[PDB]
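Student: I'd like to ask you about the structure that follows.
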Amino acid sequence: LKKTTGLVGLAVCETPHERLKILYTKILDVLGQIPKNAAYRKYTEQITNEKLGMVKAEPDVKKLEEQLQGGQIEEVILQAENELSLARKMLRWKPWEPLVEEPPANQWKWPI
Amino acid sequence: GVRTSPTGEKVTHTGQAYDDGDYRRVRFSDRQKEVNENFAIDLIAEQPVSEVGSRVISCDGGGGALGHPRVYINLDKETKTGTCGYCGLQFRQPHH
Amino acid sequence: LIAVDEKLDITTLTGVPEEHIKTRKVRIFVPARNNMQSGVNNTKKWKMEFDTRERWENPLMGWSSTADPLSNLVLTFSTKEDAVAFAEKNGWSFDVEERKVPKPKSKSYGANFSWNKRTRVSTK
Amino acid sequence: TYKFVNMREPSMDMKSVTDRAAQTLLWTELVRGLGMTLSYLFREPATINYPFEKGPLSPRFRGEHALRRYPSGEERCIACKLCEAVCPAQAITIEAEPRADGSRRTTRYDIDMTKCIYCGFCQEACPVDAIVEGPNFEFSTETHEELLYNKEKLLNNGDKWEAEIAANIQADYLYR
Amino acid sequence: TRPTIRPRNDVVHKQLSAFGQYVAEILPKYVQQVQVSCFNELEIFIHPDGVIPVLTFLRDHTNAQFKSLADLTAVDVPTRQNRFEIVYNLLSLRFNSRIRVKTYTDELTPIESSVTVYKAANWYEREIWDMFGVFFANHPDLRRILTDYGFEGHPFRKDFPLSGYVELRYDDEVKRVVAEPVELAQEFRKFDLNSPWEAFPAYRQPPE
Amino acid sequence: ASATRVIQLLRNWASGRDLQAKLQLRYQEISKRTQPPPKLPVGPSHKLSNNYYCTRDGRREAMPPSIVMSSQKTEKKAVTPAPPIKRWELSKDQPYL
Amino acid sequence: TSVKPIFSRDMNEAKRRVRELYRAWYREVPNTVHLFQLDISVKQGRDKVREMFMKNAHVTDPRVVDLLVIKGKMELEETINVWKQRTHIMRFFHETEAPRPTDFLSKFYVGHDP
Amino acid sequence: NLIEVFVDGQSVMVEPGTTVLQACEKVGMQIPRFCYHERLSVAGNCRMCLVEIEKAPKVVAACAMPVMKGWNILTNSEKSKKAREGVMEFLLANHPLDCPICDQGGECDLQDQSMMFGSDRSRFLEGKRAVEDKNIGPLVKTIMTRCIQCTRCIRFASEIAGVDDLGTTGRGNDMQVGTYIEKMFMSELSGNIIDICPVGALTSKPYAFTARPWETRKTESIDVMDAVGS
Ligand code: SF4
Ligand code: SF4
Ligand code: SF4
Ligand code: SF4
Ligand code: FES
Ligand SMILES: [Mg+2]
Ligand SMILES: [Zn+2]
């Protein structure tokens with residue numbers, strides 16, 4: 001509907017709602033493979049279901065942008081893609097495990 | 001008060017003068033040696049002594065905020081004059 | 001993760017000349033308190049400094065010349081062990097001076113007025 | 001708030017299209033630039049006739065250095081080495097001893113003018129207004145050594161520029 | 001009013017503390033410590049091999065969009081076993097915030113190159129290598145950036161002399177610039193400025 | 001400036017502006033190079049009483065950073081570094097160039 | 001104590017990388033002499049490469065060897081890309097420094113150096 | 001047996017008869033001082049070391065007050081800070097403006113403790129006191145306008161050097177330190193009064209005006225003039 005997003009290289013999407021729903025569903029699908037007690041899984045599932053609920057309840061793009069407070073709808077789509085990629089990488093990394101190694105006895109001391 | 005060394009070289013107010021056998025005098029050949037003719041010690045000796053009827057006087061060097069930090073000189077020793085050592089100024093109590 | 005049964009030595013990596021690696025003896029020590037002041041806040045960390053080299057007089061302007069790169073180099077360490085480890089891994093010789101702390105002293109203001117002892121003062 | 005530097009579209013009416021086509025075929029903006037340059041040609045130049053005319057300066061200007069004296073002729077410097085301590089580039093070398101009359105006076109006061117950054121810190125830290133930065137700036141030399149001032153050279157600078165230095169310090173001393 | 005004392009921002013302090021707890025909970029495997037300085041700056045200390053996961057999380061996470069790499073440098077502390085301290089400064093434009101991530105390394109331990117997270121890391125890590133000697137594993141082009149060609153040693157190290165070991169001049173015999181050992185007409189006069197009286201009791205360390 | 005009337009007309013016509021209104025050369029419109037002496041204010045800490053440095057010491061109020069989490073040592077809502085930055089408003093003064 | 005290897009695992013692979021870098025430098029000296037118009041011989045350049053390799057022959061840490069070969073590759077690619085000038089290439093040879101004395105009597109005569 | 005005292009709430013076991021200053025020294029806190037020297041007797045006159053005990057309405061001289069069981073020493077409390085500021089205010093009210101022409105310069109306890117524990121401004125709108133200078137030999141130069149009447153030189157002279165020719169003459173603000181007669185304090189231990197004097201009243205005469213503390217490089221060696229090996 002709008003001519004440009006105002007940002008160089010960011011094209012306008014004619015179907016924001018469907019793309020956002022697809023991306024959020026894929027993110028939720030990836031998070032199901034993460035352990036239930038993982039702190040990463042709970043927070044991003046919470047925020048994704050919060051944002052997925054907003055897109056399923058507001059059909060107007062301008063009001064959806066106002067409600068999401070994430071910039072423009074194309075920026076929201078790009079952020080959803082980044083979150084999906086991060087979820088996949090964290091699934092590969094598994095950073096919910098206990099600390100790899102405590103530092104030496106005096107490593108963050110200051111002044112020294 | 002400039003003074004001349006035995007080699008004909010002017011002596012500065014710090015007493016500096018190259019020795020006769022010193023090779024470093026070659027830098028002045030076909031040129032000159034920078035010596036300031038005014039001697040602060042001689043000028044401040046030329047300055048007189050101020051007589052004030054007080055045991056303690058104050059000196060700020062003249063000019064107020066344009067001088068030196070204000071100091072107090074105790075004029076009790078009658079065998080000498082009290083000298084403000086910021087500006088080398090002598091003060092004395094009236095004798096006789 | 002490889003296992004190396006070798007001592008740490010980075011002399012070939014630091015880029016220091018061989019002369020200033022081999023012929024240098026650093027001094028690991030805690031600086032003595034400046035006798036002109038009663039503060040002791042400069043006697044808390046260990047210091048590493050090099051041996052004094054020659055200083056001569058500039059023919060022009062009479063300034064103090066030097067040919068020693070490490071004349072002004074002083075390093076600060078929190079521990080004698082840390083300083084020794086740094087010196088060992090950098091390959092310089094080192095001389096270690098044990099820290100000197102003042103011994104505890106028994107003070108009493110009432111000793112200035114002793115009835116039979118020499119601690120009685122003649123003035124206040 | 002924000003504004004768009006370039007987000008306007010041109011009107012596609014026939015008159016505006018013809019105007020743009022006339023601008024393209026008849027180089028209107030190029031003629032406009034020519035007119036601007038012609039106007040500047042017929043304006044008066046902003047060039048001063050140096051060395052017979054000098055650019056304006058202020059009492060705060062930091063130029064060549066000078067060692068000052070008291071009105072009695074005594075040197076103001078008391079060998080306190082505050083300027084040497086505060087010098088960023090370490091351009092000042094000072095050596096002192098008691099004088100014949102016991103005064104605390106310097107024997108060596110060197111400033112390397114090829115090392116100095118002319119930052120004015122030495123005259124700020126001086127408690128007796130001894131070291132100052134004079135108004136002189138035309139003191140270029142032909143050899144490097146001539147820019148390595150010593151105490152005699154600085155005292156000669158002070159004696160040479162004392163009147164102007166005193167006037168500038170009088171003008172600007174209430175802001176310090 | 002206290003006109004000469006900097007005012008504090010408890011709101012921003014609490015927000016930064018909450019977000020530090022958030023990231024520490026999300027990444028327990030790497031995050032070692034979280035601090036908030038009293039002038040409202042969040043600082044995260046992580047394990048050296050968590051650099052890529054932590055930076056990728058802080059860049060791509062929806063609740064942490066630190067899309068900009070403000071700076072990347074290192075600090076040399078010879079008294080530590082791991083003398084080099086790598087510092088990343090990130091800026092989040094979406095939430096108008098800044099964060100700092102600190103890791104540690106020594107001479108012989110590489111640090112993963114973050115050119116796949118931020119493209120500025122290329123030149124920032126080149127400078128870190130050139131000035132401290134820290135090697136970055138997967139770097140597209142790792143070489144000197146600021147020092148002269150063939151320069152030996154890493155000058156920002158605390159043990160490197162201020163004037164270095166060599167100096168340059170033009171030699172007329174060989175018709176080229178030559179490098180010779182450094183020799184100063186005036187030696188840099190070292191000053192001892194520290195006062196022997198403690199200034200800040202709040203930072204006093206235990207005698208141990 | 002000192003110029004002929006015809007030359008001023010030519011300059012104004014060529015540039016399209018009245019140049020005499022905005023001249024780039026200074027003609028006695030600048031401040032005098034000699035000024036009366038000033039008297040600068042003192043400050044807020046120049047009191048003679050109820051002015052102790054311990055109550056106005058900024059450096060001594062600095063503290064080591066608070067250790068929020070240290071490894072050595074309900075459903076929480078997800079948090080952000082700060083509230084999301086609000087959308088900027090278009091300029092009322094001149095929205096477009 | 002197990003440590004993260006930069007490369008080469010044990011010492012054999014570090015020696016292999018040293019040999020690879022030595023071959024790369026050995027095959028480059030004629031090109032360096034040709035491009036930089038050096039007045040030295042190709043044999044002189046190869047001898048200098050050998051000498052610079054031999055002063056690190058006492059290293060027994062594979063990670064130090066890996067860092068040394070990394071820096072050798074860096075200074076080789078500076079020579080190949082002609083980023084260096086004849087100035088640096090001849091800085092390798094110390095053609096202008098006076099020969100420092102090495103015996104006790106001469107060192108005693110000249111100055112106070114150890 | 002050791003008694004338990006508290007410095008800023010931190011427990012520390014100290015021997016009976018230990019002072020507040022020594023307890024703070026044990027916990028690593030150096031209380032400011034001008035007259036206290038650990039090698040000399042306790043004078044307690046400069047009043048710079050006043051600290052607050054937790055329940056005591058009155059500040060105590062930390063250099064002369066033995067600690068009691070269960071004493072909490074508030075070293076950085078408001079009362080202690082105000083006491084230090086007041087004492088420094090009196091000291092600098094009567095002190096002269098001689099810092100640039102003074103050899104003590106950057107190694108002065110008055111300057112450092114004024115920068116660390118005193119105020120940054122002066123309320124003294126009167127004239128200052130100027131004191132005649134004495135002559136006690138060719139080694140120690142005396143500018144007694146800078147003296148703060150801390151009696152470190154007197155105590156050192158008497159107790160350490162066994163020479164009782166230093167003391168205070170007069171009383172009040174006109175109290176002066178000297179011999180009261182033209183006598184040279186000649187002894188083999190005369191420079192230590194130069195060392196222990198916190199101000200520039202006693203300075204080295206051969207070293208006068210030659211250098212400043214920040215310039216000098218310190219080389220830690222031993223002494224060869226005798227067989228003590230100082
Ligand atoms: S102007 Fe600055 S750099 Fe120059 S001598 Fe003064 S303090 Fe030093
Ligand atoms: S600051 Fe002034 S009085 Fe002090 S040494 Fe420098 S020129 Fe001399
Ligand atoms: S004794 Fe200390 S405070 Fe007094 S003039 Fe000397 S340096 Fe300044
Ligand atoms: S001369 Fe010095 S040591 Fe003696 S009482 Fe005065 S300040 Fe103390
Ligand atoms: S140090 Fe205690 S009163 Fe002087
Ligand atoms: Mg003294
Ligand atoms: Zn005076």
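In the structure tokens, the first chain shown is A, the next is B, and so on; residue numbers restart at 1 for each chain, and ligands run from 1 in the order shown.
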Would you mind writing down, as a list in words, each residue of chain B that DSSP on the backbone assigns to helix (DSSP H, G or I)?
Tutor: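 Result set for chain B (helix (DSSP H, G or I)): residues 23, 24, 25, 26, 27, 28, 40, 41, 42, 43, 44, 45, 46, 64, 65 and 66 of chain B.
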Student: May I have the selected residues written with N, CA and C atoms, as a PDB file, in the first residue's frame?
Tutor:
```
ATOM      1  N   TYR B  23      85.997  22.670  22.815  1.00  0.00           N
ATOM      2  CA  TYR B  23      85.741  22.740  21.382  1.00  0.00           C
ATOM      3  C   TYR B  23      84.394  23.365  21.065  1.00  0.00           C
ATOM      4  N   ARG B  24      83.485  23.422  22.038  1.00  0.00           N
ATOM      5  CA  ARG B  24      82.127  23.880  21.782  1.00  0.00           C
ATOM      6  C   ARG B  24      82.046  25.375  21.507  1.00  0.00           C
ATOM      7  N   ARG B  25      83.148  26.111  21.659  1.00  0.00           N
ATOM      8  CA  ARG B  25      83.177  27.514  21.266  1.00  0.00           C
ATOM      9  C   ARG B  25      83.100  27.698  19.758  1.00  0.00           C
ATOM     10  N   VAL B  26      83.252  26.622  18.982  1.00  0.00           N
ATOM     11  CA  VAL B  26      83.195  26.721  17.531  1.00  0.00           C
ATOM     12  C   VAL B  26      81.809  27.123  17.045  1.00  0.00           C
ATOM     13  N   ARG B  27      80.767  26.877  17.842  1.00  0.00           N
ATOM     14  CA  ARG B  27      79.417  27.223  17.421  1.00  0.00           C
ATOM     15  C   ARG B  27      79.210  28.726  17.315  1.00  0.00           C
ATOM     16  N   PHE B  28      80.050  29.522  17.971  1.00  0.00           N
ATOM     17  CA  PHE B  28      79.916  30.971  17.947  1.00  0.00           C
ATOM     18  C   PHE B  28      80.738  31.633  16.850  1.00  0.00           C
ATOM     19  N   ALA B  40      69.200  40.429  36.873  1.00  0.00           N
ATOM     20  CA  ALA B  40      68.154  40.608  37.872  1.00  0.00           C
ATOM     21  C   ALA B  40      68.743  40.794  39.261  1.00  0.00           C
ATOM     22  N   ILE B  41      69.828  40.082  39.566  1.00  0.00           N
ATOM     23  CA  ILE B  41      70.458  40.221  40.875  1.00  0.00           C
ATOM     24  C   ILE B  41      70.982  41.639  41.064  1.00  0.00           C
ATOM     25  N   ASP B  42      71.639  42.187  40.039  1.00  0.00           N
ATOM     26  CA  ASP B  42      72.141  43.553  40.126  1.00  0.00           C
ATOM     27  C   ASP B  42      71.003  44.557  40.257  1.00  0.00           C
ATOM     28  N   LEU B  43      69.930  44.381  39.482  1.00  0.00           N
ATOM     29  CA  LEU B  43      68.817  45.326  39.555  1.00  0.00           C
ATOM     30  C   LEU B  43      68.132  45.284  40.920  1.00  0.00           C
ATOM     31  N   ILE B  44      67.905  44.084  41.457  1.00  0.00           N
ATOM     32  CA  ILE B  44      67.239  43.978  42.748  1.00  0.00           C
ATOM     33  C   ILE B  44      68.150  44.467  43.867  1.00  0.00           C
ATOM     34  N   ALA B  45      69.471  44.362  43.694  1.00  0.00           N
ATOM     35  CA  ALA B  45      70.379  45.006  44.637  1.00  0.00           C
ATOM     36  C   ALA B  45      70.286  46.522  44.533  1.00  0.00           C
ATOM     37  N   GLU B  46      70.122  47.040  43.313  1.00  0.00           N
ATOM     38  CA  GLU B  46      69.941  48.476  43.131  1.00  0.00           C
ATOM     39  C   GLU B  46      68.665  48.968  43.798  1.00  0.00           C
ATOM     40  N   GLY B  64      48.727  43.732  42.757  1.00  0.00           N
ATOM     41  CA  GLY B  64      47.637  42.950  43.301  1.00  0.00           C
ATOM     42  C   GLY B  64      47.589  41.543  42.750  1.00  0.00           C
ATOM     43  N   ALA B  65      46.541  41.235  41.985  1.00  0.00           N
ATOM     44  CA  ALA B  65      46.406  39.909  41.397  1.00  0.00           C
ATOM     45  C   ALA B  65      47.387  39.668  40.259  1.00  0.00           C
ATOM     46  N   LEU B  66      48.090  40.701  39.801  1.00  0.00           N
ATOM     47  CA  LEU B  66      49.089  40.572  38.750  1.00  0.00           C
ATOM     48  C   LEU B  66      50.487  40.305  39.289  1.00  0.00           C
TER      49      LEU B  66
END
```
Student: Select, as a list in words, those residues of chain C with any atom no more than 10 Å from chain D (distances computed using only C-alpha atoms).
Tutor: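 Filtering chain C at 10 Å from chain D with only C-alpha atoms gives residues 60, 61, 62 and 63 of chain C.
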Student: Could you give me the residues within 10 Å of ligand 1, counting only C-alpha atoms and all ligand atoms, as a ChimeraX atom specification?
Tutor: /D:62-65,82-93,110-125,131-133
Student: Would you save the residues from that selection as a short mmCIF file (atom, residue, chain, number, x, y, z; two decimals), in the first residue's frame, using N, CA and C atoms?
Tutor:
```cif
data_model
loop_
_atom_site.label_atom_id
_atom_site.label_comp_id
_atom_site.auth_asym_id
_atom_site.auth_seq_id
_atom_site.Cartn_x
_atom_site.Cartn_y
_atom_site.Cartn_z
N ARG D 62 48.28 32.96 21.80
CA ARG D 62 49.45 32.23 22.28
C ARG D 62 50.49 32.18 21.17
N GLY D 63 51.54 32.98 21.30
CA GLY D 63 52.59 32.99 20.31
C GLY D 63 53.93 32.56 20.85
N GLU D 64 54.96 33.37 20.63
CA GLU D 64 56.29 33.06 21.13
C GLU D 64 56.33 33.22 22.65
N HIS D 65 57.21 32.45 23.28
CA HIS D 65 57.31 32.44 24.73
C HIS D 65 58.21 33.56 25.23
N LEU D 82 56.44 24.19 38.08
CA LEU D 82 55.04 23.86 37.79
C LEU D 82 54.79 23.79 36.30
N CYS D 83 55.37 24.72 35.53
CA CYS D 83 55.24 24.67 34.08
C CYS D 83 55.89 23.42 33.51
N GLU D 84 57.06 23.05 34.04
CA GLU D 84 57.73 21.83 33.59
C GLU D 84 56.89 20.60 33.91
N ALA D 85 56.28 20.56 35.10
CA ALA D 85 55.44 19.43 35.46
C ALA D 85 54.19 19.35 34.58
N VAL D 86 53.60 20.51 34.25
CA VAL D 86 52.34 20.52 33.52
C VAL D 86 52.51 20.51 32.01
N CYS D 87 53.73 20.66 31.51
CA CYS D 87 53.93 20.71 30.07
C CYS D 87 53.54 19.38 29.44
N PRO D 88 52.59 19.36 28.50
CA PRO D 88 52.21 18.09 27.88
C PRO D 88 53.33 17.45 27.08
N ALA D 89 54.04 18.23 26.27
CA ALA D 89 55.05 17.68 25.37
C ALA D 89 56.43 17.59 26.01
N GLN D 90 56.56 17.92 27.30
CA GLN D 90 57.84 17.92 27.99
C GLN D 90 58.86 18.80 27.28
N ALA D 91 58.41 19.98 26.86
CA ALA D 91 59.26 20.90 26.11
C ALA D 91 60.15 21.76 27.00
N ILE D 92 59.94 21.75 28.32
CA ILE D 92 60.63 22.64 29.24
C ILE D 92 61.61 21.82 30.07
N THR D 93 62.85 22.30 30.15
CA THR D 93 63.87 21.72 31.02
C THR D 93 64.34 22.81 31.98
N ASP D 110 65.15 25.96 29.56
CA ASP D 110 65.10 25.67 28.14
C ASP D 110 63.67 25.34 27.72
N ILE D 111 63.28 25.84 26.56
CA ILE D 111 62.04 25.42 25.91
C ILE D 111 62.39 25.01 24.49
N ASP D 112 62.06 23.77 24.13
CA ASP D 112 62.25 23.27 22.77
C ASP D 112 61.02 23.68 21.97
N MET D 113 61.16 24.72 21.15
CA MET D 113 60.02 25.23 20.40
C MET D 113 59.61 24.32 19.26
N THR D 114 60.43 23.32 18.92
CA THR D 114 60.04 22.30 17.96
C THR D 114 59.35 21.12 18.63
N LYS D 115 59.32 21.09 19.95
CA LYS D 115 58.59 20.11 20.73
C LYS D 115 57.33 20.68 21.36
N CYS D 116 57.32 21.98 21.63
CA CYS D 116 56.16 22.64 22.22
C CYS D 116 54.96 22.57 21.29
N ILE D 117 53.78 22.42 21.90
CA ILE D 117 52.53 22.38 21.16
C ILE D 117 51.73 23.67 21.34
N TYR D 118 52.31 24.68 21.98
CA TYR D 118 51.72 26.01 22.11
C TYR D 118 50.32 25.93 22.70
N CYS D 119 50.20 25.16 23.78
CA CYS D 119 48.92 24.90 24.41
C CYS D 119 48.60 25.87 25.54
N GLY D 120 49.57 26.67 25.99
CA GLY D 120 49.32 27.66 27.01
C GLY D 120 49.22 27.13 28.42
N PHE D 121 49.54 25.86 28.66
CA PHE D 121 49.44 25.32 30.01
C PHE D 121 50.51 25.90 30.94
N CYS D 122 51.68 26.25 30.40
CA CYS D 122 52.76 26.75 31.26
C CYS D 122 52.41 28.09 31.88
N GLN D 123 51.77 28.98 31.12
CA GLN D 123 51.39 30.27 31.66
C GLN D 123 50.16 30.20 32.54
N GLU D 124 49.36 29.13 32.43
CA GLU D 124 48.25 28.92 33.35
C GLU D 124 48.74 28.45 34.71
N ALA D 125 49.75 27.58 34.72
CA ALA D 125 50.27 27.01 35.95
C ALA D 125 51.26 27.91 36.67
N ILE D 131 56.48 32.89 33.09
CA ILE D 131 56.45 32.40 31.72
C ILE D 131 55.12 32.80 31.09
N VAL D 132 55.20 33.44 29.93
CA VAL D 132 54.02 33.84 29.18
C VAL D 132 54.23 33.47 27.72
N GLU D 133 53.13 33.45 26.98
CA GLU D 133 53.16 33.27 25.54
C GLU D 133 52.84 34.62 24.91
#
```
Student: Please provide the set of residues having any atom within 8 Å of region 29-39 of chain E, restricted to only C-alpha atoms, with same-chain residues fewer than 4 positions apart removed, written as JSON, numbers by chain.
Tutor: {"A": [95, 96, 97, 98, 99, 100, 102, 103], "E": [8, 9, 13, 16, 17, 20, 21, 24, 43, 44, 45, 46, 47, 49, 50, 54], "F": [62, 63, 64, 65, 66, 67, 68, 69, 70, 71]}
Student: With only C-alpha atoms counted and 7 Å as the cut-off, give the residues of chain C in contact with chain G, each with its shortest interatomic distance in Å and the pair that gives it, as CSV.
Tutor:
```
residue,atom,partner,partner_atom,distance
C:1,CA,G:4,CA,4.8
C:2,CA,G:2,CA,5.1
C:3,CA,G:2,CA,4.4
C:6,CA,G:61,CA,6.8
C:12,CA,G:56,CA,7.0
C:23,CA,G:114,CA,6.7
C:54,CA,G:112,CA,7.0
```
Student: Taking the DSSP secondary structure from the backbone, can you list the residues of region 24-94 of chain F that are strand (DSSP E or B), as JSON, numbers by chain?
Tutor: {"F": [66, 67, 68, 69, 70, 90]}
Student: Please measure the separation of CA of residue 49 (chain H) and CA of residue 131 (chain H), giving the value in Å to one decimal.
Tutor: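 Going from CA of residue 49 (chain H) over to CA of residue 131 (chain H) covers 26.2 Å.
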Student: May I ask you to write as an MDAnalysis selection string all residues lying at most 8 Å from ligand 3, with only C-alpha atoms and all ligand atoms counted?
Tutor: chainID H and resid 92 95:111 146:147 198:201
Student: Please return as a ChimeraX atom specification the residues found within 6 Å of ligand 5, counting only C-alpha atoms and all ligand atoms.
Tutor: /H:33-36,44-49,61-63
Student: Could you name the residues that touch residue 26 (chain G) at 9 Å or less, counting only C-alpha atoms, but leaving out those on the same chain fewer than 2 positions away, as a VMD selection string?
Tutor: chain G and resid 21 to 24 28 to 30 45 to 46 49 to 50
Student: When the cut-off is 7 Å and you count only C-alpha atoms and all ligand atoms, which residues lie near ligand 4, shown as a list in words?
Tutor: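 Written in the requested form, the residues are residues 35, 144, 147, 148, 149, 150, 151, 152, 153, 154, 177, 193, 196, 197, 198, 199, 201 and 202 of chain H.
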